[PDB]
Amino acid sequence: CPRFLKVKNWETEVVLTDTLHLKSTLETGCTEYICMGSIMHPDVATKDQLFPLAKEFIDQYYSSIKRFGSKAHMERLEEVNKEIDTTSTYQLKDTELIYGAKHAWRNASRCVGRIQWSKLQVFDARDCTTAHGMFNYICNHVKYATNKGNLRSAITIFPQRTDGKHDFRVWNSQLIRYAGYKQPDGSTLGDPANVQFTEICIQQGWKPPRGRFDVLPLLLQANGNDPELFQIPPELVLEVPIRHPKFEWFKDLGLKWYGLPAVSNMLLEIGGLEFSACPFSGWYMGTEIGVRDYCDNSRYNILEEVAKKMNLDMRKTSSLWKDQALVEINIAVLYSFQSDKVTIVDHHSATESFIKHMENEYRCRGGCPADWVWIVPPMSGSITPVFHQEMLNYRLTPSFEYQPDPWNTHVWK
Amino acid sequence: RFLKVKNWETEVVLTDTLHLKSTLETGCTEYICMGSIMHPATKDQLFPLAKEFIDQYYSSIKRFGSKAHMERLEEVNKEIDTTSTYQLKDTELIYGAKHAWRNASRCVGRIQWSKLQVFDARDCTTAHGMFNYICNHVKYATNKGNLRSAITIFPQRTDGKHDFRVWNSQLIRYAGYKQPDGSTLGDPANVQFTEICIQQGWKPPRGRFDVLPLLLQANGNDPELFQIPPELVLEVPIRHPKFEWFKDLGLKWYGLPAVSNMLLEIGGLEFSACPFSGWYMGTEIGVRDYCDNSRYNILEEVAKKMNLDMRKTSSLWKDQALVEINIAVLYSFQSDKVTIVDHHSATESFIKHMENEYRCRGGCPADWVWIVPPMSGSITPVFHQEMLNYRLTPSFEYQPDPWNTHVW
Ligand code: HEM
Ligand code: HEM
Ligand SMILES: CNCCCc1cc(F)cc(CCc2cc(C)cc(N)n2)c1
Ligand SMILES: CNCCCc1cc(F)cc(CCc2cc(C)cc(N)n2)c1
Ligand SMILES: C[C@H](O)[C@H](O)[C@H]1CNc2nc(N)[nH]c(=O)c2N1
Ligand SMILES: C[C@H](O)[C@H](O)[C@H]1CNc2nc(N)[nH]c(=O)c2N1
Ligand SMILES: [Zn+2]
């Protein structure tokens with residue numbers, strides 16, 4: 001592989017040089033003959049697999065703190081090595097855990113919000129042993145991150161995988177989601193994306209309100225045991241009613257959303273150690289809600305209804321009635337969050353910040369892995385600066401990875 | 001292996017076998033994806049390439065290994081042998097050109113691929129000849145508003161020193177002028193080319209929408225200037241169906257999108273001059289041409305006239321202005337009965353096309369970065385469609401700009 005790869009920005013002519021790609025640790029899915037750049041998704045580590053992975057990570061940590069080759073570096077290497085030999089695994093120091101989490105984010109090629117990577121509150125929950133304990137840790141996470149609307153990015157890290165039969169998992173794909181209910185007539189109530197998970201909760205004992213915006217309970221698995229249900233205290237769930245600055249009728253749509261985006265189904269990989277339960281949260285970019293959650297056809301799908309109230313000609317697509325309603329819906333989402341003083345960022349500000357971040361990373365780090373297909377917002381793409389920005393995509397470690405859904409793998413006791 | 005692609009909105013899963021045919025590179029490796037990078041012979045090289053192309057041509061007409069097939073292979077052999085090149089049969093030329101279009105990963109318009117008028121211009125020898133052939137192309141393809149896809153193919157490359165080149169990047173473009181006060185009149189993308197035309201003898205009217213002259217290079221010679229007769233150049237004044245002040249912006253655009261800077265490769269032969277044209281998708285003009293910061297850059301003005309609050313980005317004033325502009329463009333072309341497709345209709349057609357190709361062909365190479373429109377991405381069906389990208393031949397390839405390689 002070449003040492004220096006160049007990316008160009010076509011709007012500004014700015015050319016950047018990437019050397020960091022050389023540290024790439026896993027597969028993209030692409031080959032020389034085929035590109036899988038738009039493919040969404042393209043029993044434990046042995047002693048011998050673990051050694052080099054740990055050393056790689058420890059070396060990187062001590063390099064970051066300007067102590068590479070130091071006595072403490074060599075000592076930590078030797079202590080880690082001894083531990084893998086005696087126990088087949090090892091434990092990260094708090095400093096290393098914190099470093100690894102921040103770097104997993106920094107390395108997340110699909111995230112446009114990475115300018116904030118070094119400000120991340122890490123909660124060490126590796127002493128957790130039960131589902132009730134997971135509940136307590138998650139509630140504290142939610143409260144801290146929510147911060148009455150002045151959101152703060154955070155991650156809570158539960159115990160690493162051991163033999164694979166004692167995994168900690170948050171079964172919820174996200175900490176806060178709204179229920180979806182399939183009706184006998186084929187229609188769906190609530191969020192159609194969440195029908196399967198909702199059914200699981202119901203089966204596990206949940207009493208469903210059967211509303212349009214019912215916050216789902218937490219379904220929590222500790223130490224490989226069967227998962228348990230807990231209801232997040234409603235006062236910990238900050239919500240924003242959606243209204244529009246011009247259209248007084250917009251509030252009559254009965255829309256709202258939750259303030260806190262918190263992914264809970266991913267796996268955090270640090271130095272070959274696997275943290276299967278590591279819920280992390282930041283704050284929303286407007287389009288996430290205004291374009292995808294609200295306007296995807298398989299989601300709340302409100303374009304028609306909004307178009308109707310806007311008195312739009314909806315007979316020809318070439319009227320762009322869909323596009324027109326989309327913009328207004330996204331204005332309403334930003335207006336409502338700002339008015340309730342809940343942190344949110346529009347797609348213009350976020351993408352501009354990301355370009356600045358990316359340039360800084362090329363400068364200090366020799367590159368910045370980025371997935372253009374995900375970085376470019378789902379509306380108004382080319383009027384954001386990321387559209388014109390060539391990106392290189394590659395996988396650095398530590399990283400957040402996908403993992404199978406726990407109800408597909410769980411061995412019920 | 002076989003490969004699956006999922007549409008996440010419909011949950012439809014298609015299976016790609018066609019990719020096993022590719023041999024050219026994508027640019028990516030197992031460790032680095034370059035999917036968002038815009039730009040990532042001899043007798044012994046020539047025959048296997050010729051062979052494969054002839055092989056797939058005869059296979060496409062259900063006469064593989066036929067007598068005609070054999071003789072053709074034999075024929076191509078002797079010719080590469082004796083002349084260091086070979087000439088395509090007419091049928092092969094048309095097949096090759098349609099398939100270059102069909103294989104263009106970046107084109108959302110491929111549902112039309114087999115409806116392509118092919119003009120054989122391989123007997124051309126001079127820039128005057130090229131001009132004549134290009135004027136006929138434009139006249140035919142424009143067709144008084146009812147646009148028709150067409151391609152004009154000039155003589156292939158031989159020694160690299162006698163190249164035919166259309167120096168314009170597209171047949172019809174507006175000039176751009178670098179003002180004293182540092183701003184730009186017209187189209188800033190064309191500033192450099194406009195200046196080469198001026199230097200070569202072109203007398204610029206210095207307006208905002210001056211149709212550039214043709215600059216044509218035949219057989220490696222110096223390029224010569226020609227003015228396309230204006231009655232061949234169909235234009236549309238942009239107005240809005242509700243905002244009667246929109247026409248006052250004084251905007252127009254041309255009806256014929258016609259790429260003229262690409263290289264058509266067929267069976268190892270290189271056609272360095274192959275202007276091809278279709279019809280516009282509205283966003284091309286409404287979003288990119290007009291609203292790119294480095295293009296006509298009109299968002300700010302439109303935003304003013306719409307009396308929008310422009311102090312905070314979060315008012316989405318830019319997005320609002322963008323939608324209205326694209327409405328105007330569509331409305332204008334339609335009102336003038338000039339062929340145009342909106343990005344909703346175009347992306348639908350493309351999904352249907354994809355399904356057709358998977359069914360009859362075993363796949364369809366597609367570049368999501370180019371296919372997804374530059375506005376309202378996820379409300380179009382291609383946003384939710386996983387695509388595989390790979391390079392099939394015959395193909396359209398990029399080539400160097402001629403002013404960087406030509407000796408006068
Ligand atoms: C602080 C403000 C943040 C903003 C504005 C932000 C923005 C975004 C957006 C818009 C996406 C695409 C989401 C989607 O389309 O589903 C995304 C994805 C992602 N973000 Fe960030 N994010 C933030 C914080 C974080 C944090 C704190 C982490 C981890 C510690 C993180 C890691 C990721 C990862 C791994 C993805 C890919 C998710 C997936 O593949 O499903 N982000 N982010
Ligand atoms: C008939 C209606 C057509 C439509 C609606 C259409 C639409 C488009 C659009 C929107 C693009 C993106 C262009 C850009 O952003 O610069 C594109 C690219 C492209 N099209 Fe089509 N097209 C059509 C016809 C054709 C024809 C007739 C050919 C060839 C014979 C062709 C070959 C290509 C190629 C090679 C590209 C990639 C160009 C590049 O990489 O710069 N298209 N098309
Ligand atoms: C195929 N994707 C399916 C999941 C989409 C999703 C749903 C959700 F409720 C919440 C999210 C959160 C995404 C996110 C995560 C973070 C940390 C910040 C931010 N602004 N956005 C995603
Ligand atoms: C980075 N790209 C730079 C060139 C952009 C461009 C300029 C132009 F005048 C005309 C086009 C036409 C593209 C096209 C070509 C065809 C054949 C059909 C269609 N609807 N659109 C593109
Ligand atoms: C098929 C395609 O890869 C898929 O629809 C992707 C496109 N880009 C995306 N980008 C973001 N931010 N989020 C998504 O869910 C998707 N979905
Ligand atoms: C950096 C990126 O590759 C570049 O801006 C691409 C993105 N997608 C595009 N898509 C189309 N249709 N046309 C373009 O010019 C571009 N530009
Ligand atoms: Zn790739």
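Side chains are part of it too, since the values below use all heavy atoms of this structure and drop only hydrogens, waters and symmetry mates. Labels below follow one simple rule: chain letters A, B, ... track the order of the sequence lines, proteins then strands, and each chain is numbered from 1. Counting convention: from 1, in listed order, for ligands and their atoms alike.
Ligand-side atoms of ligand 2 in range of B/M281: 10 (C), range being under 4.0 angstrom from any heavy atom. Residue B/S149 has at least one heavy-atom neighbour below 4.0 Å for each of these atoms of ligand 2: 1 (C), 27 (C). In the vicinity of A/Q389, heavy-atom distances shorter than 4.0 Å reach the ligand 6 atoms 1 (C). Every atom of ligand 2 with a heavy atom of B/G278 under 4.0 Å away is listed here by number and element: 1 (C). Taking every heavy atom of A/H388 and a limit of under 4.0 angstrom, the matching atoms of ligand 6 come to 1 (C), 5 (O). Within ligand 2, counting atoms from 1 as listed, the ones closer than 4.0 Å to a heavy atom of B/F396 are 29 (C), 30 (C), 35 (C).
Residue, atom and distance of the protein heavy atom nearest to atom 37 (C) of ligand 2 are B/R106 CB, 3.9 Å. With hydrogens left out, the protein atom closest to atom 7 (C) of ligand 2 is B/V108 CG1, 3.9 Å, a heavy atom. Closest to atom 4 (C) of ligand 6, if we only count protein heavy atoms, is A/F387 O, 3.5 Å. Looking at atom 8 (N) of ligand 6, its nearest protein heavy atom turns out to be B/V369 O, 3.1 Å. With hydrogens left out, the protein atom closest to atom 15 (O) of ligand 2 is B/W370 CZ3, 3.7 Å, a heavy atom. What sits closest to atom 3 (O) of ligand 6 on the protein, heavy atoms only, is B/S36 O, 2.7 Å. Nearest to atom 5 (C) of ligand 2 among the protein's heavy atoms is B/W279 O, 3.3 Å. Protein heavy atom nearest atom 38 (C) of ligand 2, with residue, atom name and distance: B/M262 SD, 3.9 Å.
By the 4.0 Å heavy-atom criterion, B/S277 is counted among the residues contacting ligand 2. Residue contacts with ligand 6: B/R288 is included, with a non-hydrogen atom under 4.0 Å away.
Between B/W101 and ligand 2, at least one pair of N/O atoms sits closer than 3.5 Å. For ligand 2, the polar-atom distance check against B/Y398 finds a nitrogen or oxygen pair separated by under 3.5 Å.
By the criterion of a heavy-atom distance under 4.0 Å, the side chain of B/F276, and not its backbone, is placed next to ligand 2.
Rounded to the nearest 0.5 Å, atoms SG (B/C291) and CE (B/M375) are 9.0 Å apart.
The pair B/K352-B/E348 does not meet the salt-bridge criterion, since no charged nitrogen lies less than 4.0 angstrom from a carboxylate oxygen. With salt bridges taken as basic N to acidic carboxylate O contacts below 4.0 Å, one links B/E397 and B/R391.
Ring geometry for B/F164 against B/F154 counts as parallel: the plane angle stays under 30°, on a 0 to 90° scale with 60° as the upper cut.
Aromatic rings from A/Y394 and B/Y31 are positioned such that their centres are separated by 6.0 Å or more. Separation of the B/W101 and B/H353 ring centroids does not fall under the 6.0 Å cut-off. Taking the six-membered ring for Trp, B/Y174 and B/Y254 have ring centres closer than 6.0 Å. With ring centers used as reference points, B/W253 lies under 6.0 Å from B/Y290.
Rounding to 10 degrees gives 100° for the angle at the Zn ion (ligand 7) between SG of A/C35 and SG of B/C33. Geometry at the Zn ion (ligand 7): SG/A/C30 and SG/B/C28 form an angle of 120°, nearest 10 degrees.
By heavy-atom distance, the residue among B/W370, A/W372, A/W10 lying nearest atom 12 (N) of ligand 6 is B/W370. Considering each of B/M38, A/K8, A/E390, B/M281, the one bringing a non-hydrogen atom nearest atom 17 (N) of ligand 6 is B/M38. Looking at B/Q117, B/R288, B/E284 and measuring to atom 13 (C) of ligand 2, the nearest heavy atom belongs to B/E284. Heavy-atom proximity to atom 17 (C) of ligand 2, evaluated over A/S382, B/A258, B/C107, is greatest for B/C107.
Side-chain contact of B/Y296 with B/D187: a donor-acceptor pair under 3.5 Å is absent, judged by distance alone.
Within the 4.5 Å cutoff, side-chain heavy atoms of B/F193 are placed close to those of B/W167. Side-chain contact between B/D336 and B/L234 is absent, with no heavy-atom pair separated by less than 4.5 Å. In this structure, B/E235 and B/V211 have side chains that are in contact, with non-hydrogen atoms separated by less than 4.5 Å.
None of B/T142, B/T152, B/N132 except one satisfies the side-chain hydrogen bond (donor to acceptor under 3.5 Å, both in side chains) rule with B/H137; the exception is B/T152.
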What do the steps show when you test A/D346 against A/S349 for side-chain hydrogen bond (donor to acceptor under 3.5 Å, both in side chains), and what is the final call? CA-CA 6 Å; A/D346 65 76; A/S349 312; 2.9 Å; yes
Verify side chain to side chain contact (heavy atoms under 4.5 Å, CB included) between B/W368 and B/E386, making sure each step is shown before the conclusion. CA-CA 8 Å; B/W368 191 101; B/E386 292 181 340; over 6 Å; no
